[PDB]
Amino acid sequence: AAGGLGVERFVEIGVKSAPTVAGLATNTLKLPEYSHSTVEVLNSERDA
Amino acid sequence: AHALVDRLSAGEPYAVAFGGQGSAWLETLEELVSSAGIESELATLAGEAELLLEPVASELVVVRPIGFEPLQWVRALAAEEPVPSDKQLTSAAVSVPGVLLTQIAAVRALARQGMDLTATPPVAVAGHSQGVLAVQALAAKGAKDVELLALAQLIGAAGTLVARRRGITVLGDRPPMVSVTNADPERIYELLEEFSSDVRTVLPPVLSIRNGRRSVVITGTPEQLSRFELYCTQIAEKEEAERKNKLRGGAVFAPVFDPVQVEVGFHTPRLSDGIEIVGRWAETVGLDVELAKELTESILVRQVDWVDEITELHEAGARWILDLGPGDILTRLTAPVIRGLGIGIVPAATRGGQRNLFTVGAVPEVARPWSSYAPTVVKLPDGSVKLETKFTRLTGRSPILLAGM
Amino acid sequence: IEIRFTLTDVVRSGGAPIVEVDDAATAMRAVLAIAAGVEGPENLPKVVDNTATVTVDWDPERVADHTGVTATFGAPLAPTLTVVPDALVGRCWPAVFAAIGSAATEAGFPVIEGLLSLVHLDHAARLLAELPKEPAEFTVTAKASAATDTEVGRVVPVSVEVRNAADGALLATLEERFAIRXXXXXXXXXXXXXXXXXXXXXXXXXXXXXXXXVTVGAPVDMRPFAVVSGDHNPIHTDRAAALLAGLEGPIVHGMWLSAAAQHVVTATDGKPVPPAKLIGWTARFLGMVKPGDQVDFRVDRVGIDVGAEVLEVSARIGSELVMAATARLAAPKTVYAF
């Protein structure tokens with residue numbers, strides 16, 4: 001926000017551990033982050 | 001034989017209104033040319049548009065080439081093939097002058113048939129946004145006509161150079177101009193002030209137009225406006241959980257939010273660097289009149305408190321208001337504002353409302369003065385006092401009843 | 001400004017009743033020199049000697065005009081940067097042209113160049129890892145790497161170095177190659193041969209991925225771009241000069257197209273964040289373009305260089321190929337969590 005809000009990509013690594021903190025981020029991207037931002041949640045396991 | 005004008009002379013008074021930007025002007029200008037059988041004015045207006053740009057000693061280096069010959073675009077548009085995109089035509093540089101020309105041509109149309117009658121007399125002439133421009137020289141002599149178009153050419157030009165849209169997204173879609181409905185002017189400014197607390201001095205949103213009681217317009221940078229859009233949505237949703245508890249003080253608000261098609265911020269500090277430049281642009285031309293400085297500030301920076309101005313000329317007891325603005329804008333904005341206070345309003349260049357104008361019998365549209373239905377006192381043979389209403393008059397009794405219980 | 005010419009008639013040869021003055025080439029130069037530079041910019045290099053651009057400042061309104069000259073919306077495109085790398089060409093233009101003729105052109109070439117016959121081959125901007133920014137001032141240097149002749153004519157590749165004034169470092173490198181069609185030389189000889197590439201140390205390979213289908217209109221008149229870029233060539237403006245050069249009409253500036261297709265690649269595969277993403281772009285002009293032109297562009301994702309995605313662009317007006325473009329783009333910025 002202080003450095004500009006433009007497109008961000010959030011990638012989790014460690015293979016099968018990847019869905020967790022992404023799902024943690026996903027639900028977090030919902031509740032406070034409702035501002036309608038373009039964000040990409042990517043997982044090493046799932047989204048390779 | 002125009003009855004209104006004939007009314008205007010002996011009877012009820014009149015006021016001229018001019019619309020602003022966001023009027024969808026081109027299609028009105030295209031029709032106005034096609035509906036015009038008299039091209040006489042357009043000959044001089046086109047030549048003076050060419051002329052006035054050349055002697056200009058003001059900077060105006062970028063503006064003059066990006067200006068376009070009005071006669072060519074019209075004849076092209078009349079061949080039905082050529083015309084630039086709406087995005088190009090809506091840009092302040094070529095749009096602002098074009099809007100005035102539509103309004104000026106709208107003045108001439110009525111002036112063609114009835115001029116001896118359709119000559120001067122308003123009580124006052126008022127305008128909205130850039131509409132205040134065409135107001136001034138209409139109240140001045142006829143040689144000042146292009147000066148409007150001349151200043152309009154300068155207004156949209158500097159405004160464009162200083163600040164222009166750098167981005168847009170199909171969702172909403174997001175402009176510099178935003179409007180919220182149903183919410184108080186105090187409540188809107190609250191959320192505005194709530195959001196403006198979080199942003200820098202360079203891109204604050206501000207209240208531009210107050211269109212009515214609960215209807216307002218806030219403007220600024222498209223991105224920052226989109227941020228204000230977020231808070232109003234969250235409150236709308238949190239209050240939804242309230243309404244479904246079936247409680248009134250605990251009820252959701254049902255506002256209406258949605259952006260506008262306007263391309264650039266007006267009546268905002270973002271145009272502040274434009275005032276100076278515009279001012280010099282007028283003095284280097286034969287446009288010199290002392291209101292060029294005041295018009296610019298009113299249009300570019302100072303807000304427009306609208307309801308209060310046209311109402312002020314209305315509370316003077318002037319019964320009629322016409323609007324020569326493109327399509328027709330501000331003619332209908334003003335109507336529910338005043339409504340039943342005795343004012344009524346015909347859109348000018350609208351064929352239906354002009355049919356009134358040109359006839360002896362179709363003229364007197366005067367909206368109902370609610371005080372007309374104000375209750376009165378009645379006496380009877382046995383000498384009973386009766387309070388008179390539309391109810392009592394029928395029933396012959398007091399305007400009060402015990403409902404079925 | 002006026003242009004004069006002279007003829008001479010010897011009728012002893014009937015097949016050659018008219019033979020016209022050999023001073024034409026030098027006479028044409030004096031005419032262009034008055035119009036082009038007006039002695040406004042002045043440095044006096046020979047073609048090999050460096051051509052210097054004194055000082056250059058970027059106003060916020062020069063940002064707007066260019067970004068407004070080329071715009072894209074219908075495809076969800078949002079241009080963002082302080083200075084688009086396309087804006088480099090406006091700064092380096094007046095200097096590059098000065099190298100088109102010289103004593104080295106006098107030695108090995110006839111010095112026969114029609115300016116109307118000038119053809120732009122390729123244009124590219126290579127970054128030194130620095131990107132252009134707000135108010136800091138620029139100073140540009142232009143050098144001619146080689147002067148070549150081809151079967152189709154004379155070619156002059158021009159190297160350009162853009163430097164930030166206040167900081168005093170070289171931000172970017174701009175490359176231009178021009179084609180005059182009438183000349184031959186002992187300087188640099190090419191038949192069909194010229195080649196350029198955007199290369200990087202570490203690379204990854206990918207598969208063809210369709211990104212966007214683009215619709216781009218050409219401007220109504222070419223004068224607006226002519227004012228900003230500083231290209232006054234009558235070919236794109238005056239119809240008499242365009243017809244004299246045997247052209248389809250007042251051809252759209254290839255340079256406008258260059259920023260036209262770029263602005264899309266800027267915003268599309270670049271996404272709402274173009275500024276730090278595109279580190280380079282190259283553009284090849286396949287065919288001429290008339291104003292009022294509906295052109296369809298298509299960018300695809302091909303491969304990866306130095307962690308930056310490469311993006312190939314093809315252009316079609318109906319059946320005709322127009323521009324071949326290729327760009328190096330950084331990926332949408334990634335944040336990692338373990």
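Values in this text are rule-based calculations from the coordinates and carry no lab data. As a convention, Cβ positions derive from the backbone with ideal geometry for all residues, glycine included, and neighbour counts pool all protein chains shown.
Scanning region C:175-230 for residues that are within 14 Å of chain B (Cβ to nearest Cβ), of a type outside the set (A, V, I, L, M, F, W, C) and part of a loop (DSSP other than H, G, I, E, B) turns up C:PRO219, C:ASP221, C:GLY230. The conditions of being in a loop (DSSP other than H, G, I, E, B) and within 26 Å of the chain's Cα centre (by Cα) are met by B:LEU287. Of everything in region C:124-173, what is part of a loop (DSSP other than H, G, I, E, B) and among the charged types (D, E, K, R)? Give them in sequence order. Those that are part of a loop (DSSP other than H, G, I, E, B) and among the charged types (D, E, K, R): C:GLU130, C:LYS133, C:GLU134, C:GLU137, C:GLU151, C:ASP167. Screening region B:321-395 for strands (runs of 3 or more DSSP E) wholly inside it with 2 or more residues that are hydrophobic (A, V, I, L, M, F, W, C) and under 23 Å from B:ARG108 (Cα atoms) returns the ranges B:344-347.
Residue pairs whose Cβ atoms lie under 8 Å apart, separated by 6 or more positions or on different chains, with the first residue in region B:153-174 and touching a residue at least 40 places away in the same chain (Cβ under 8 Å) and the second among the aromatic types (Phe, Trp, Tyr), are B:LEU154/B:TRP281; B:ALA157/B:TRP281; B:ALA158/B:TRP281; B:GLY159/B:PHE266; B:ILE168/C:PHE73. The condition of being facing another protein chain (nearest Cβ under 10 Å), on the phi < 0 side of the Ramachandran plot and touching a residue at least 12 places away in the same chain (Cβ under 8 Å) holds for A:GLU12.
Filtering region B:59-68 for residues that are loosely packed, with under 14 Cβ neighbours inside 10 Å and aliphatic (A, V, I, L, M) leaves a non-empty set. Just one of (1) surrounded by fewer than 21 Cβ atoms within 10 Å (Cβ to Cβ); (2) part of a helix (DSSP H, G or I) trips up C:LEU116, so point out which. Answer for C:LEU116: the failing condition is (2).
Taken residue by residue, region B:123-132 has at least one member that is under 30 Å from B:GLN224 (Cα atoms), of a type outside the set (A, V, I, L, M, F, W, C), part of a helix (DSSP H, G or I) and in contact (Cβ under 8 Å) with a residue 60 or more places away in the chain. Does C:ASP269 satisfy being within 14 Å of another protein chain (Cβ to nearest Cβ) and surrounded by 22 or more Cβ atoms within 10 Å (Cβ to Cβ)? Yes.
One line per residue, one yes/no per condition, for (1) free of Cβ contacts under 8 Å to residues at least 12 places away in the same chain; (2) surrounded by fewer than 16 Cβ atoms within 10 Å (Cβ to Cβ); (3) among the hydrophobic types (A, V, I, L, M, F, W, C):
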position: C:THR51; (1), (2), (3): no, no, no
position: C:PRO60; (1), (2), (3): no, yes, no
position: C:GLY68; (1), (2), (3): yes, no, no
position: C:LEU77; (1), (2), (3): no, no, yes
position: C:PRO85; (1), (2), (3): no, no, no
position: C:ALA99; (1), (2), (3): no, no, yes
position: C:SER102; (1), (2), (3): no, no, no
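Residue check: A:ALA2 meets all listed conditions (1) hydrophobic (A, V, I, L, M, F, W, C); (2) farther than 21 Å from B:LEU230 by Cα; (3) more than 13 Å from chain C (Cβ to nearest Cβ) but one, namely (2). The residues in region C:316-334 that are out of contact with any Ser or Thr (no Cβ under 6 Å at 6 or more places or on another chain), surrounded by 13 or more Cβ atoms within 10 Å (Cβ to Cβ) and assigned to a strand (DSSP E or B) can be counted, and the count is 10. Being farther than 28 Å from B:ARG351 by Cα and among the basic types (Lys, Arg) is the requirement here; does B:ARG75 meet it? No: the conditions fail for B:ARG75.
Being crowded, with 18+ Cβ neighbours inside 10 Å, free of Cβ contacts under 8 Å to residues at least 60 places away in the same chain and either within 11 Å of another protein chain (Cβ to nearest Cβ) or in a loop (DSSP other than H, G, I, E, B) (or both) is the filter here, so list the residues in region B:80-100 that pass it. Scanning region B:80-100 gives a single hit, B:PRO84. C:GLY15 falls short on exactly one of the conditions (1) closer than 30 Å to C:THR215 by Cβ; (2) away from chain B (no Cβ under 14 Å); (3) assigned to a loop (DSSP other than H, G, I, E, B), and that condition is (1). Figure legend. Inter-residue proximity from region B:390-402: first residues touching a residue at least 60 places away in the same chain (Cβ under 8 Å), second residues surrounded by 10 or more Cβ atoms within 10 Å (Cβ to Cβ) and part of a helix (DSSP H, G or I), beta-carbon distance below 6 Å, spacing 6+ or different chains. No pairs are indicated. Total residues in region B:148-179 satisfying the condition of being more than 8 Å from chain C (Cβ to nearest Cβ) and surrounded by fewer than 22 Cβ atoms within 10 Å (Cβ to Cβ): the figure is 6.
For region A:30-48, residues that are within 29 Å of B:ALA236 (Cβ to Cβ) and either within 12 Å of chain C (Cβ to nearest Cβ) or part of a strand (DSSP E or B) (or both) total 5. Restricting attention to region B:43-79 and to residues that are without any contact (Cβ under 8 Å) to a residue 60 or more places away in the chain, within 14 Å of chain C (Cβ to nearest Cβ) and of a type in the set (D, E, K, R), the residue that is farthest from C:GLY217 (Cα to Cα) turns out to be B:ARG64. Of all the criteria given as (1) more than 10 Å from chain C (Cβ to nearest Cβ); (2) surrounded by 14 or more Cβ atoms within 10 Å (Cβ to Cβ), the one not satisfied by A:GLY23 is (2).
Residue check: C:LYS290 meets all listed conditions (1) more than 26 Å from C:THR237 (Cβ to Cβ); (2) within 18 Å of the chain's Cα centre (by Cα) but one, namely (1). Within region C:156-182, being in contact with a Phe, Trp or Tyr (Cβ under 9 Å, 6 or more places away or on another chain) and basic (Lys, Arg) holds for one residue alone: C:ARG163. Residue check: is B:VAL56 under 29 Å from B:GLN261 (Cα atoms), surrounded by 14 or more Cβ atoms within 10 Å (Cβ to Cβ) and of a type outside the set (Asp, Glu)? Here the answer is no, as B:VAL56 does not meet what is asked.
Restricting to region B:116-127, and then to whatever is surrounded by 11 or more Cβ atoms within 10 Å (Cβ to Cβ) and of a type in the set (A, V, I, L, M, F, W, C), can you tell me which residue is farthest from B:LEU8 (Cα to Cα)? Only one residue tops the list, namely B:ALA126. In this structure, B:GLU229 does not qualify as surrounded by fewer than 18 Cβ atoms within 10 Å (Cβ to Cβ), within 14 Å of chain A (Cβ to nearest Cβ) and under 30 Å from B:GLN88 (Cβ atoms).
Tell me which residues, restricted to region C:73-99, are in a loop (DSSP other than H, G, I, E, B) and either at positive phi or more than 9 Å from chain B (Cβ to nearest Cβ) (or both).
Passing the criteria: C:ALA75, C:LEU81, C:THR82, C:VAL83, C:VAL84.
Test C:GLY287 against the criterion of being surrounded by fewer than 16 Cβ atoms within 10 Å (Cβ to Cβ), more than 14 Å from chain A (Cβ to nearest Cβ) and closer than 22 Å to C:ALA327 by Cα, and give yes or no. Judged against the criteria, C:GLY287 is a match.
Would it be correct to say that B:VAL146 is closer than 30 Å to B:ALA292 by Cβ, of a type in the set (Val, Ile, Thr) and assigned to a helix (DSSP H, G or I)? When the stated conditions are applied, B:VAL146 passes them.
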